[PDB]
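Take a look at this single chain in structure tokens; it is the form deposited in one PDB entry.
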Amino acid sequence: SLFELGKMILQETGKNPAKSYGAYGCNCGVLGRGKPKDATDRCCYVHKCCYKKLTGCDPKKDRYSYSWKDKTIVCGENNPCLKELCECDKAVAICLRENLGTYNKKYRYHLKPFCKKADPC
């Protein structure tokens, strides 16, 4: 769910997930996908595609378990859809952290700017 996602983002990146990734480039946020603007944006693209692959479980609503043991995210067994959901979110948290070096606040928006069409997932 958004809950786990937001938390994982904060645990990995150390950044306020809404503030840093709630409206960033073409893919981080709640405005679907678009041609990634940079590596961080690109994490969000893969994440949104990760979500498309899920079957049945609700990526926004459905809670799942993960542990943060040794400051690494391990997705709990869950059921397959929830485990995969979790893996999607873990992936994007990790990728965002990984790409903090090129994170660029100029891609943050209030209203979403220009985004060419993303490739189909």
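Residues that one form lacks are left out of the comparison. The term rigid core refers to the maximal set of C-alpha atoms that superpose within 1.5 Å between the two forms. One-based numbering along the sequence shown.
Missing here is the form deposited with a small molecule bound; even so, the following discussion is about that form.
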Exercise. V74 near the small molecule in the bound PDB entry, any heavy atom under 4.5 Å?
Worked result: no
Exercise. Looking at the partner-bound form in the bound PDB entry, is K90 within 4.5 Å of the small molecule by any heavy atom?
Worked result: no
For this session: Report yes if any heavy atom of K48 sits within 4.5 Å of a heavy atom of the small molecule in the bound PDB entry; otherwise report no.
Result: yes
Exercise. Can you check whether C26 is within 4.5 Å of the small molecule in the bound PDB entry, heavy atom basis?
Worked result: no
Exercise. Among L5, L54 and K61, does every residue place a heavy atom within 4.5 Å of the small molecule in the bound PDB entry?
Worked result: yes
Problem set entry | After fitting the core, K112 CA displacement of 2 Å or more between this form and the one not shown | yes
For this session: Would you tell me if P80 moves between this form and the one not shown by 2 Å or more at its C-alpha, with the rigid core held superposed?
Result: no
Exercise. Any chance the CA of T55 moves 2 angstroms or more between this form and the one not shown, core superposed?
Worked result: yes
Seminar exercise, completed: Working note: in the bound PDB entry the C-alpha atoms of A39 and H110, off by 3 Å or more, come closer
Problem set entry | Cα separation of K37 and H110 in the bound PDB entry versus here, shift of 3 Å or more | closer
Problem set entry | Taking the rigid core as reference, consecutive runs of 3 or more residues that move 2 angstroms or more in Cα between this form and the one not shown | 55 to 61, 110 to 113
